[PDB]
Amino acid sequence: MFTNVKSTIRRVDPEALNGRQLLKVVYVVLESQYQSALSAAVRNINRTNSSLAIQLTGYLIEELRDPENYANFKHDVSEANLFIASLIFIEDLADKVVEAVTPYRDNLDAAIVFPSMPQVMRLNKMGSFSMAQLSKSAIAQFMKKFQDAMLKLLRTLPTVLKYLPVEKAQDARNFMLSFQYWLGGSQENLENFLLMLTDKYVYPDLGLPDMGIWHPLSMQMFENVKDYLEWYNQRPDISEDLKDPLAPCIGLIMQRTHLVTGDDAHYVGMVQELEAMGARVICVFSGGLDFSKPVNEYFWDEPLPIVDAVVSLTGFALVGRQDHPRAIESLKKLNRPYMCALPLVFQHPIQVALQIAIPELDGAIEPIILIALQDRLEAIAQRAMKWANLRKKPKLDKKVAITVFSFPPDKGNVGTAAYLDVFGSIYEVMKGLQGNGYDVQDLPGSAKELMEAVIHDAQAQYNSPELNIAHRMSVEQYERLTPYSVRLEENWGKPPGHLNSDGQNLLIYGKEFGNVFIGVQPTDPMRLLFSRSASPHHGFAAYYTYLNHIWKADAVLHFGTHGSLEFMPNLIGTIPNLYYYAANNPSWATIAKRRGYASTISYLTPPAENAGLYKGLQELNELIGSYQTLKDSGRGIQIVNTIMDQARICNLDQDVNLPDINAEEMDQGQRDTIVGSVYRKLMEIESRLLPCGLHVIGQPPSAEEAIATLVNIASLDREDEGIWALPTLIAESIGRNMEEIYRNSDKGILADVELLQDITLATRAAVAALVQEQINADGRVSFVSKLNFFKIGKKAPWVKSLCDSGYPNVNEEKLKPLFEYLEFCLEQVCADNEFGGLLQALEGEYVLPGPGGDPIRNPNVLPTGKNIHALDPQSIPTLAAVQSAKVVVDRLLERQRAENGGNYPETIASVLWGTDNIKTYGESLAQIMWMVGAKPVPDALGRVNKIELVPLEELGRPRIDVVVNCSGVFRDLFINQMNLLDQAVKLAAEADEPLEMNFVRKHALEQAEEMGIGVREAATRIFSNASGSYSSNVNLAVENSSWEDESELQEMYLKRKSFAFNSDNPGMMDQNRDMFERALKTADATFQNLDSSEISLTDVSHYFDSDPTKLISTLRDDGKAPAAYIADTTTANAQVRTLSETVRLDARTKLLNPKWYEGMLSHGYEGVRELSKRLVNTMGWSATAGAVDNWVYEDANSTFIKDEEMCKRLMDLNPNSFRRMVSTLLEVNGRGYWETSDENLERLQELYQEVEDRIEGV
């Protein structure tokens, strides 16, 4: 009394309730300090707060003995919103308090009991959270047995959050906050305590530092690191291991909002998990959108990073308009692994797609692949820790697993156009690692010797090829270290199964070379299955079990040669998952990043050469050469017959109209045109720029090897760099337009076919002159393009070349910035960063991010060795892409009309890929918008999120109906654009326009009647796979020859690609095969966009897998197969070729091109793999389209089988890939796609039997 101020008042009421809501609070307590603090808080809210007033009644527990006080207590409890109890340790009264409150536990918005006897504690209720949902017994028995007790229970609550759902966790966090306020005991602590409980559990429908450091267990935010670390080390609740500066430290980035809000549950649990694993945590926040500020201020201290890795939990970019250049600058200075987890993960398909894109431009790694927090929190924590372990662990101790897919290469699996010498690359990597201070033992003498170590007798010289066995896993070891193994059993029986098995154990295939391990994963018809839970075989798990738990890899390196786990509907583990992915493949790289926890260092594809002319095609060019001389002679007639006879022998009659009319019977005009047509088709072949070989990682191209790439870079207008194509500038100089020269060349007007070839040669010469000068300056000058040649009365060597080519008066002001750009590109093509990129990932550093794409169309794809990203899926299509889409559509329709009575088609069936739409900023996507006469509409910021019909006035022709077959990859990246596409089709169907100007409405009306639905539901045209599915599986079927008739292929297409996107209900993608078949039934044409010359029709299986050409012929009433087109925008001269034209162009520039196949076979074993790929993909095209001329299979047999020298070379080089070549030819004959001599078939059936023996035994 004399030493502690007690109060006589037990009850506080507002003096005037006014308009305000009344909160009723009852308290039972022992401390007169907590009584008086609570009263003063209630008093202060009443006198100020203008929408809330509080009533407070309580008794010091001793007073509840009186029946006078207890009867009032019960009544007050009955009417009360909030019950509060603290330090209740009396048998008799505790029970009275339980009896009083127990009835109203439903009533009470919340009941908060602080350290008391266990009976009272069980009253605790705050939404979902009670004492039932705890480390329950841990505190329950300690509670039975001060300032300590309050702290013990407070330190527990963060540990509990992970085992709860997010809603039930935040209730637990609200309890924890309310406990922190109480221990505080300040009048403003207890004010906020009441205003918090009132705002979240009583009246939710009422009111309510720029950056710094936060910890759940600190009441105040830290404005500097010293203060924070000072506090961290004074923490008694943590091990000494955390305070040690050598401890792993992990930086978290979050938004202030969530701290201000108190909606921070998942952040608390993230902090708790990392600290539970012995990681020191620095959580930074910002009210702004520039998070580079807290990063630059709080993750440093001459100054050094004090963070081992960073996990962003904001869902945003680092900076911001969003600023990726400054974000990258900040993340590169720091030089640590930058990880990202969207808020959406904790807290629908359009949202995750729009958001996950943005951190990827910052070089984010995604420890969450796309019920309690535990699995997500453990995932981020473990994966963040293993990135730090890479940082800490010394080089000589670090273990690096390198995994290889499909060796020996037999079943296509699902090969990308990787253009990789896999063992060439591993060997270089391994040398790099040894020569850098990693512990590599027994490094082989060459790549061949390395392949030999891993695959015994790969070439079947002395024994059958036999994969090396690095370990034999017993069932005992598998089942113990593979807890999820039991789940696999459904599809593969008990371990070990029939794959990677010796019957007793599971086989891990690979070879240890010290701290580097080369492991191969080469992949049940001996077991009858009944379900749809497609799981990986025991062997496939066993491999990942070995790497993670037995050999204990610190990191794993993959190659993007095949689609493994990322395309299947946490076998990876927690260790860093590194990928060498081709720069030219951002879409698959994106899938790996999102489905595979991939960090994706980019590599360059072999420097492309012009495909050139050979044998018959070269003879034809020589004849055409003489034509101008033999005209001036006067004998310019009999040559045109020789030219036509040779064209016909080259099978170019299928590509140019070659009538059976002797040259005598033509005029000079329509003889020139015959020649001109043939010429531009040979120049199409000659000039096709493509890789003729494989890349070895860390082996870049010579300045000379780069000229052909530099030529095609020089041959595009670039508005965004203020530079024109060299061809453009050459034409302008002779008062011409390249658009006209290209169009007159497509017609075959010889003068312009020659002028095009002349401008090409001048362009090739001028770029070659820049490279030579750069070479024979040999470092002496910075940039030969910046040199001031006018000042010494000289012409630049490329202005000279132009003059010698016959083109003076080329605008030299416009040549200056162009040739400055070309030299900068040459530097990036020739840069050597790929292996450096890997060293940085393994040193636990930040790999520079950059754009995947086409290096020719977007040179920013260079240099390689970066962590490649797609792009913001709201940044496409651009105005340039929309404008460029109209030209291709006008050209497609022009050609469909010309070959069908002058009549527009009513429906075009099109495929949409992510890859080409990344590379072109939405060209093929904008082609489909323009078909129905829609345009994308970008908002002020420049996000394409809206779409509108264009008037028929603007369209110049009827709206064409469309069936849009979106790849699973397109859906995963660009579902936002599928949403726009569906909107546009349905606007079209609804448009008050005549049916003959609007084929979308025409079909929809007819279909609405037939099906008994509205015009809008009937105009369903946008399809893909079911969620988390990919391809029609027609690729698998062709690659495994596991099909009898074409109808099997057609069926699985109709089963798998009939999932309809709906803009009116996007979260639903319901199968709708009825609508699918009805739309396809109306299709007059099929259409795809060529990604690139290196990812063309024969280079991959994905194009034929999605081809509906024959399927349509089945579905139509007339049975009429549709015209099939392939757009090619890869050069400034966009062609819309037929499918058959493109397949021929491929066969002539690749499979049957000696430059191509000699180029590939110069790498040996892996060369043969490239040859069989094209033959197999060519077969697919026979099965889906029958677009393969018989001569392609004849010439293939002629070149590789009938030539006995080549035939022996291939079978010795690579028996597995050769058996595949021999299989394919027999199959295409056996299925009616290839007619050939009985001799030819006997030679094959014998060779098949030969190599069968080499690979299998006899």
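What counts and how
- Residues numbered from 1 in each chain as written, not as in the entry; some residues may be left out.
- Heavy atoms only, no water.
- UniProt positions renumbered as here; feature names shortened; annotations may be inferred.
- Salt bridge = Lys/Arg side-chain N within 4 Å of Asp/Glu carboxyl O.
- Helix = DSSP H or I, 4+ residues; strand = E, 2+ residues; numbered from the N terminus.
- Buried < 20%, exposed > 50% of the residue type's maximum accessible area, 1.4 Å probe, protein only.
- 1 Å grid on protein atoms, 1.4 Å probe; cavity = no way out; pocket = protein on both sides within 12 Å on 5 of 7 lines; lining within 4 Å.
- Points joined across faces, edges and corners; volume = space filled by probe spheres on them.
- Nonpolar A, V, L, I, M, F, W, Y, C, P; charged D, E, K, R; others polar.
- Core = buried A, V, L, I, M, F, W, Y, C linked by side-chain atoms within 4.5 Å.
- Pairing = 2+ DSSP bridges.
- Axes fitted to C-alpha atoms, helices over the stretch in contact; angles between N-to-C directions.
- Contact = heavy atoms within 4.5 Å.
- Parallel < 35°, antiparallel > 145°, perpendicular 65-115°, else oblique.

Within the PDB entry, the label attached to the chain reads Mg-chelatase subunit ChlH, and the organism entered is Synechocystis sp. PCC 6803. The heading Pathway (unreviewed entry) in the UniProt record of the chain holds the text "Porphyrin-containing compound metabolism." Per UniProt, the comment on the chain under Catalytic activity (unreviewed entry) is "protoporphyrin IX + Mg(2+) + ATP + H2O = Mg-protoporphyrin IX + ADP + phosphate + 3 H(+)".

Some thoughts on the pattern of salt bridges
In the structure shown here, the tally under the stated rule is 75 salt bridges. For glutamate 1250, the salt bridge is made with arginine 1254, and the minimal N-O distance between the two is 3.4 Å. Here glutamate 1250 pairs with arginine 1254, and both are found in helix α50 (residues 1238-1256), just 4 residues apart, close to one helical turn. The partly exposed category is assigned to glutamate 1250, whose relative accessible area is 38%. Look at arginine 1254 and you get partly exposed, because its relative accessible area is 23%. Three or more residues are tied together by salt bridges with common partners; here these are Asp1099, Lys1150, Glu1166, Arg1169, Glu1170, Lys1173 and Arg1174.

What about empty space enclosed by the protein?
Left-over empty space is what a probe sized like a water molecule reveals as it rolls over the atoms. Approximately 950 Å³ is the volume attributed to the largest cavity. Forming the boundary of the largest cavity are 46 residues, of which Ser687, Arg688, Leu689, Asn712 and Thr1131 lie nearest the centre. Residue assignment for the lining of the largest cavity shows that the elements contributing at least two residues are α24 (669-686), α25 (707-714), α27 (738-747), α28 (750-775) and β34 (1135-1138). Among the elements that make up the lining of the largest cavity, the one with the highest residue count is α28 (7 residues). Per-class residue counts for the lining of the largest cavity are 20 nonpolar, 16 polar and 10 charged. By volume, the second largest cavity is sized at about 340 Å³. Along the wall of the second largest cavity there are 27 residues; nearest its centre are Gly412, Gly415, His562, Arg1169 and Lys1173. Counting only elements with at least two residues in the lining of the second largest cavity, the list comes to α46 (1165-1184) and α49 (1215-1230). Among the elements that take part in the lining of the second largest cavity, α46 stands out by supplying 6 residues, more than any other. Counted by class, the lining of the second largest cavity contains 9 nonpolar, 10 polar and 8 charged residues.

Section: the nonpolar core
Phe73, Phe83, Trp182, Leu252 and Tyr580 are the most contacted members of the largest nonpolar core, which has 245 residues in total. Of all hydrophobic cores here, the second largest spans 89 residues; its members include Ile685, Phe1218, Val1222 and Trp1234.

Digging into the sheet that holds strand β11 (residues 309-312)
Overall, mixed pairing links the 5 strands, which are arranged β8-β10-β9-β11-β12 in an open sheet. Strands at the two margins of the open sheet, each flanked by one partner only, are β8 (211-214) and β12 (338-340). On average, each strand axis in the sheet is tilted by 25° relative to the strand beside it, whichever way the strands run.

Notes on the environment of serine 1172
Its location among the elements puts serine 1172 in helix α46. The buried category is assigned to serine 1172, whose relative accessible area is 7%. On a C-alpha basis, the gap between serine 1172 and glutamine 977 in space is 36 Å, while along the polypeptide they are 195 residues apart. Aside from chain neighbours lying at most four places away, what touches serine 1172 is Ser1217, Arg1220 and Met1221.

Considering the packing of helix α47 (residues 1190-1202) against helix α48 (residues 1204-1213)
For the pair α47 and α48, interaxial distance at closest approach is 6 Å and the crossing angle is 75°. Viewed along their axes, α47 and α48 adopt a mutual orientation that is roughly perpendicular. Every residue of α48 that contacts α47 at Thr1199, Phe1200, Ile1201 and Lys1202 is listed here: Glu1204, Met1206, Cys1207 and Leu1210. Tallied by class, residues from the contact of α47 with α48 come to 5 nonpolar, 1 polar and 2 charged.

Observations regarding the pairing of strand β29 (residues 961-966)
Extensive coverage of β29 is indicated by the burial of 6 of its 6 residues. The two faces of β29 match: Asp961, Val963 and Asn965 on one face and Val962, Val964 and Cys966 on the other face are all buried.

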